[PDB]
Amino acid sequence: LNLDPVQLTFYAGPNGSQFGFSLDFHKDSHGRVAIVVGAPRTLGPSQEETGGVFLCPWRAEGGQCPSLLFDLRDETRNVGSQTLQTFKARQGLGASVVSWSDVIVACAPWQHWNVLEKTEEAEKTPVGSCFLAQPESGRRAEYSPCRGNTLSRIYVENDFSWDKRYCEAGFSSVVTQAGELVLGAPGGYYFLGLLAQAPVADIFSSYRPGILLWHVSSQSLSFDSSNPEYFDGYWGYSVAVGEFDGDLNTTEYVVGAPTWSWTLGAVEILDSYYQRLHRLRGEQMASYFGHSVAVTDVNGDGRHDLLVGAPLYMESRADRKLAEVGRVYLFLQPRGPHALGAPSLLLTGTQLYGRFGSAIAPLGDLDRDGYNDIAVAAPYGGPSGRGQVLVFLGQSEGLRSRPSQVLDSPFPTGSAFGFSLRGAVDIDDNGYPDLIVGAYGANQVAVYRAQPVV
């Protein structure tokens, strides 16, 4: 409603770096807000795509940002009569970024890994890796839980059970308020998908450079399964956290699985031990129900609510014809220990191939009326197909069915305006929470400041 679409702030990165693929707000130790931006196709030292991360200070003018530097050199270690190998070419550093406290977690879902022992090998596979940084102190650390040293022959004998070679860890990410990093890995367990959790503080204390393979005892991974309903389900494509079991000492995890059960798609709510509390099933096949998940209390009853994006949902229309527009599902949490029922509200796109629901960002309370609000992206929507971001306001019964404000892309065609979103943070310190929108196709980020209500 009260975002300012006239005076925007534009940050920009190198041409072809996909600057804006991921973003988040980062507060330093003094509470000063900045913007962390991922660019998964930034060039490295060898003039080869490796990805990169930028830390943008808040300026109303915008402009260029300084790099948040990471090691981009392929590593090699000959230990234990084996040879460990990391490969950072086309790893996609910055395909997901997230901030917690004064720490930044940027991930390279496609960092490759291989282990050589004489003539055998573990196979060169994308285990992924996340780089952690404390910008004020310069501390650095890494976390790659799916790295293994088991040779290729062994996996074949055991029928590819507990195969973490293609995790792509860091594909999606989130950090609990307590400081436990949770990585979605949609390729883990031979493309079933797994989650990996570990406290940030233990990642730093247990990491040393050049080791490549090290233990993090406090870490916790999800479990493999022989159920074909999970096969090729990409469990971990998106991740989120919230309070869904009425126990405030426990933290619950929300996981998207957009090809679960033969591309029906699903979202599951679990405890910190990966025991399934509830499962939302997709409405339509190939709709990619689970592509994005968001957790926020929209109806102001203190109980978190769930939002699921199905960006390829095909709405039924006249003459038995379908039209791919995208859809968002809202689930309100019931009072006390009870199952989440049917969706409370269905938001359906309008523009063909617009992918309404590709990203869903909690905004906090935008108009300051006591109800938290959200923003939904349609990166190829709008009458021109350049992209749109729609704002839906909270209310006592859930969300409003019609948007309060529509942000049309200020970028050219193909910018993927809205592919990444992030809100609920007041960056200019005017009392109103603001919205940052990524457009990796144009290598830019647009900042929308919220202003008093008119």
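One rule holds for the numbers: they count along the sequence shown, beginning at 1.
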Determine, for stretches 154-162 and 365-373, which one has the higher mean CA B-factor as deposited.
154-162
Between 109-117 and 353-361, which has the higher average C-alpha B-factor in the PDB entry?
109-117
One of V255, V328, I211, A294 has the largest Cα B-factor in the entry, namely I211
Whose CA atom has the top B-factor in the entry, of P412, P45, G423, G387?
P45
Would you check the entry's CA temperature factor for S205 and let me know if it's in the chain's lowest, middle or highest third?
highest
Split the chain's modelled residues into thirds by Cα B-factor; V447 lands in the lowest
Where does the C-alpha B-factor of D408 rank in its chain, lowest, middle or highest third?
lowest
Would you check the entry's CA temperature factor for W260 and let me know if it's in the chain's lowest, middle or highest third?
middle
Temperature factor at the Cα of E136, chain-ranked in thirds, falls in the highest
